[PDB]
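Protein chains: 6
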Amino acid sequence: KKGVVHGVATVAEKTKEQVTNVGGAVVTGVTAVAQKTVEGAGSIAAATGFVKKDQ
Amino acid sequence: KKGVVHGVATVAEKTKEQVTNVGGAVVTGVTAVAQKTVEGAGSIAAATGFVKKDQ
Amino acid sequence: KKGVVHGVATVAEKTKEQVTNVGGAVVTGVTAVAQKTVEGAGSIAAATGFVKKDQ
Amino acid sequence: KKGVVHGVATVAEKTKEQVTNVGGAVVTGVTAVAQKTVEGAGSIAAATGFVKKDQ
Amino acid sequence: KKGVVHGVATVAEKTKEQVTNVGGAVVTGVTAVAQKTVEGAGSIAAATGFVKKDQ
Amino acid sequence: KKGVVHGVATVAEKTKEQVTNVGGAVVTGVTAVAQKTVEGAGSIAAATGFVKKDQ
């Protein structure tokens, strides 16, 4: 076989899960957050997949 | 076989899970956060996959 | 076989899990955080995969 | 002070939390379950407070 | 002071948490279960407070 | 002071936590279980407070 990509690719066979991202956010997984009190200014209290930027 | 990529690629066969990211965030995994009190200014209380930038 | 990449690639066969990242964050694994009190300014209380930058 | 109980009592002062049970079940706490696949016959997959009886 | 109990009592002062149980189950605490696959017949996969009886 | 109990009592002053149990199960503490695969018939894979009986 032959393949040429520029990116971002994701090429496969017999594949149970696939995610391609440029971004941005993708949430495909099981996630449970139980929480009782959030205070403070400002605290990231429960982050799973996270980025921050400033310019 | 033959392959030429520029990136970012992810090329495979018979593959159960795949993630390609440029970004950005991707959450595909099981995650449980149980939490009772978050205070303070400002504290990253429970971070799983995390980045920070400032300019 | 033949392959030429610029990066970042991830090339394989018969492969159960794959992650490619430029970023950014990717969370694909099982993660359990149980927590009772977070205070202080500012304390990274439970970080699994983490980066920090400042300019 | 004076107190006479038959049970089950729970007597206090200045008290943040209280539970009295005869039973039975009481759930008052933070709880997060994230789960992806349960099989088998029959498996108690994630039990926090649990009892079993048979006669 | 004076106290006479038959049981089950729980008598106190200045007390942050209290549980009285005859039973039965009481869950008051922070609990996080993250789980990906449960199989088998039959396996108690993640038990925190647990009893079993048979007659 | 004077006290007479039959049991089960738990008598105190200035006390941060209290548990009385006849049972039965009580879960009041922080607990995190992260788990990826459970198999077999039948294996107690992660037990914190546990009993078993048979007659």
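Protein chains in written order, with PDB author numbering: chain D, 45 to 99; chain B, 45 to 99; chain F, 45 to 99; chain C, 45 to 99; chain A, 45 to 99; chain E, 45 to 99. Even for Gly, the Cβ is constructed at its ideal location relative to N, Cα and C.
Asked, Found
"If you count every other CB in all the chains shown that lies within 10 Å of the CB of C:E57, and 16 or more means buried, which is it?", "exposed"
"Return yes when the Cβ of F:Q79 is within less than 8 Å of the Cβ of B:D98, no when it is not.", "no"
"Report the residue from E:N65, E:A91, E:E61, E:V82 whose alpha carbon sits nearest the alpha carbon of E:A53.", "E:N65"
"For the stretch 62-90 of chain F, which residues have a beta carbon sitting closer than 7 Å to at least one beta carbon of chain A?", "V74, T75, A76, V77, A78, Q79, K80"
"Would you mind sorting C:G93 into buried or exposed? The rule is 16 or more other CB atoms within 10 Å of its CB.", "buried"
"From D:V82 to F:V77, what distance separates their C-alpha atoms?", "16 Å"
"What is the C-beta distance between E:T75 and A:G73, in whole angstroms, given that I count them as a contact (C-beta under 8 Å)?", "7 Å"
"The beta strand (DSSP E) with B:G47 in it runs from where to where?", "46-48"
"For A:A85, which residues from the same chain have a beta carbon less than 6 Å from its beta carbon, with the 5 sequence-adjacent residues on both sides left out?", "none"
"Do you know how far the Cα of C:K45 is from the Cα of A:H50?", "18 Å"
"Does the Cβ of F:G67 have 16 or more other Cβ atoms within 10 Å, making it buried, or fewer, making it exposed?", "buried"
"Quick one: Cα of A:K96 to Cα of D:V70, how far?", "42 Å"
"Inspect the beta-carbon positions of C:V55 and A:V55 and report whether they are closer than 8 Å.", "yes"
"Less than 7 Å between C-beta atoms, sequence neighbours within five positions excluded: which residues of the same chain meet that for B:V63?", "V70, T72"
"Just verifying my parser: in three-state terms, what is the DSSP assignment at C:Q62?", "coil"
"Quickly, what does DSSP pair D:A91 with across the bridge? List them, please.", "B:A91"
"Looking at the unbroken beta strand (DSSP E) that takes in F:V77, where does it start and where does it end?", "75-79"
"For F:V52, does the three-state DSSP call read helix, strand or coil?", "coil"
"DSSP three-state call for E:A69: helix, strand or coil?", "strand"
"From B:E61 to F:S87, what does the alpha carbon distance come to, in whole angstroms?", "34 Å"
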